[PDB]
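Enquirer: The following block contains the structure, expressed as structure tokens.
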Amino acid sequence: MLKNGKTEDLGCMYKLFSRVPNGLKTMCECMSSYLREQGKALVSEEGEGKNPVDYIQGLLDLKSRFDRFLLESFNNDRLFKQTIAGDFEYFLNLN
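Structure follows, in structure tokens:
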């Protein structure tokens, strides 16, 4: 559902995992995995040059893309927004 873009299902599973302690942390770790993977792929220049849409400024767009998951599906929660902002920092310090 993170690659599907279905925010309804992400919200339902967020509301189910909120009650259990650190189930939200399970989702936050999955978010960290997804965002770190995609950002590391983007920052790592591929081929003979990377277009701005992917590397130079595609990183900001991807940060907004995962912000979409944060707001719509993860309630703007402190843990999820913190994790995505951390991934932002990690693979933006290289940009």
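Residue numbers for the sequence shown follow the authors' numbering, beginning at 287 and rising by one.
Where a beta carbon is used, it is the ideal one built from N, C-alpha and C, also for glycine.
Express the C-alpha separation of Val329 and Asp347 in angstroms, rounding to a whole number.
Expert: Here residue 347 corresponds to residue number 61 of the sequence shown, with the count starting at 1. Here residue 329 corresponds to residue number 43 of the sequence shown, with the count starting at 1. Roughly 13 Å separates the two Cα atoms.
Enquirer: Below 8 Å, can you find three or more Cβ-Cβ pairs linking the stretch 309-328 to the stretch 358-365?
Expert: Yes: the two stretches touch, three or more of their Cβ pairs being nearer than 8 Å.
Enquirer: Does the Cβ-Cβ distance between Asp373 and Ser318 come in under 8 Å?
Expert: As a first step, residue 373 is located in the sequence shown; it is residue number 87 there, counting from the start. As a first step, residue 318 is located in the sequence shown; it is residue number 32 there, counting from the start. For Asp373 and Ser318, yes; Cβs fall inside 8 Å.
Enquirer: Quick one: using the 10 Å Cβ neighbour count with 16 as the cut-off for buried, is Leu302 buried or exposed?
Expert: Along the sequence shown, one-based indexing puts residue 302 at 16. The residue in question, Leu302, is exposed, as its Cβ has fewer than 16 Cβ neighbours within 10 Å.
Enquirer: Is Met287 helix, strand or coil when you go by DSSP?
Expert: Counting from 1 along the sequence shown, the entry for residue 287 is found at position 1. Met287 falls in the coil class under three-state DSSP.
Enquirer: Quick check on the DSSP output: the alpha helix (DSSP H) that includes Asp353 runs from which residue to which?
Expert: Here residue 353 is taken as the residue at index 67 of the sequence shown, counted from 1. Here the alpha helix (DSSP H) through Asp353 covers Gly344 to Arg354.
Enquirer: Taking only runs of the alpha helix (DSSP H) that begin and end inside the stretch 303-347, which ones reach a length of at least 4 residues, in chain order?
Expert: The stretch 303-347 contains these whole alpha helix (DSSP H) runs: 309-329.
Enquirer: From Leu380 to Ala327, what distance separates their C-alpha atoms?
Expert: If you number the sequence shown from 1, residue 380 lands on position 94. If you number the sequence shown from 1, residue 327 lands on position 41. Computed Cα separation, rounded: 12 Å.
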